[PDB]
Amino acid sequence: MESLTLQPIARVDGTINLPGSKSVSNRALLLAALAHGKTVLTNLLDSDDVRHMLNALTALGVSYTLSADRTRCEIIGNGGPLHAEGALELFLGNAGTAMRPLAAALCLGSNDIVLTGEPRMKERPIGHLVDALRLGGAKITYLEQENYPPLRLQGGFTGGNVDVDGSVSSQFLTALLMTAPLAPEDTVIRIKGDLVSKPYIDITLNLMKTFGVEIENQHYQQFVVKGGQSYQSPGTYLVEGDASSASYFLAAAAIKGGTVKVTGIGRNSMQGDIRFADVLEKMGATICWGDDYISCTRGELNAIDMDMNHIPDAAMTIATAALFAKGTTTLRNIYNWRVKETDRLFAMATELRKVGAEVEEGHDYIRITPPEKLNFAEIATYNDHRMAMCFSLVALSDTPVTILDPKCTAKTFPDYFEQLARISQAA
């Protein structure tokens, strides 16, 4: 069991050029692969999740080249649905943005492909997506547990009236939206009830439009898609910096700055996590917005009680930042924290208590009362990149913290600790 011990950080200040957005990167790679023409992506993220997508595209026959730092990618579009037979197995690690979108996209036409991944991926739900794809004609078989990967996809999605449950993951609707335009028949996607993580749907629609496709969004309750479309290369495309990755550094300044500026995202960003900055501001930090940067300057830090459904991932950063706030913080409407890399409500509560906090683990919320002073703990990270990055903030105090399996940050941010060190100052 590898580990990293962070010594106390007296102050943070500086500028971080953000790694590319994982959400945008994997969507752009899949659309570029399906599109006609050559797409040149820049500021692409090099992380495990993107590498698994690139490996899947390679296995499917897509041609592409990567620059030395793997942030520039020239993709030769396939000019239509991707194909493979012989129950070709695509190993997708822990990448939800590869598993959910490919589960739908590979249902176009005929195919015989198996999607699988790390053990935890076999415990992340996908039944709502499979249910929807089958209504549209796809043949899908669960090879292990019903409602979870691995899946054997044998094609057949032609379109039509499709209902989809949007209460557990926005990724199921995202997958359907990207796939439907290429189906031969028109599709009407009806959302059964609630829709969580709504901002991610906006990311998907923004990407689809860049690649030449638009659909009719009826107040997010129903989406009308015309079939027989084709994605088209947008030429050169700049991937936004990752707003979720940015949360750690902006939070660090709110706790111990100084001023930390993150570049690559700004007021015009399509990512919902830029709204994390609004939460820091509500807590007492100062935020500055630019066209290509967001910065945070230390002010004060007061507890908040907020519904965080719109920023589920960045919300985790508020849970550890809460250790430094005055009062009890409550984060609500975050049930799906339980069905991701790990059950994050259980993990976050468990690890927060280890450093001294009093924590109520609610079914779909978490209440955190900070201790007068933090204590040392060896933090378990549950194979979850965000647990490692969130708990790195514990070192913005008088106590060191040891993070187990620090390399798990590579899912989305291989250079995380070097970047945190870059803004860490002794004086």
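Don't overthink the numbering: it's just position in the shown sequence, from 1.
Peer 1: Between 303 to 311 and 186 to 194, which has the larger average Cα B-factor in the PDB entry?
Peer 2: Per the deposited B-factors, the answer is 186 to 194.
Peer 1: With reference to the PDB entry, specify whether the mean Cα temperature factor is higher for 262 to 270 or for 81 to 89.
Peer 2: The entry gives the higher C-alpha B-factor average to 81 to 89.
Peer 1: Of the choices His36, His363, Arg386, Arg27, which one's C-alpha carries the largest B-factor in the record?
Peer 2: Reading the PDB entry, the winner on C-alpha B-factor is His363.
Peer 1: So among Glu118, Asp242, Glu351, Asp343, who wins on Cα B-factor in the entry?
Peer 2: Within the set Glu118, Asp242, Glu351, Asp343, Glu118 shows the top C-alpha B-factor.
Peer 1: Which third of the chain does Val339 land in by C-alpha B-factor: lowest, middle or highest?
Peer 2: Ranked within chain, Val339 CA B lands in the middle tercile.
Peer 1: Test of reading the entry: by CA B factor among the chain's modelled residues, which third contains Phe172?
Peer 2: For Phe172, whose C-alpha B-factor we compare with every modelled residue in the chain, the answer is the lowest third.
Peer 1: Determine, from the deposited record, the chain-internal third of the Cα B-factor for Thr42: lowest, middle or highest.
Peer 2: Tercile = middle for this residue's CA B-factor.
Peer 1: Please say which third, lowest, middle or highest, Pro414 falls into when its CA temperature factor is compared across its chain.
Peer 2: CA B-factor rank for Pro414: middle third.
Peer 1: Can you work out whether the C-alpha temperature factor of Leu6 puts it in the lowest, middle or highest third of the chain?
Peer 2: According to the entry, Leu6 has a C-alpha B-factor in the chain's lowest third.
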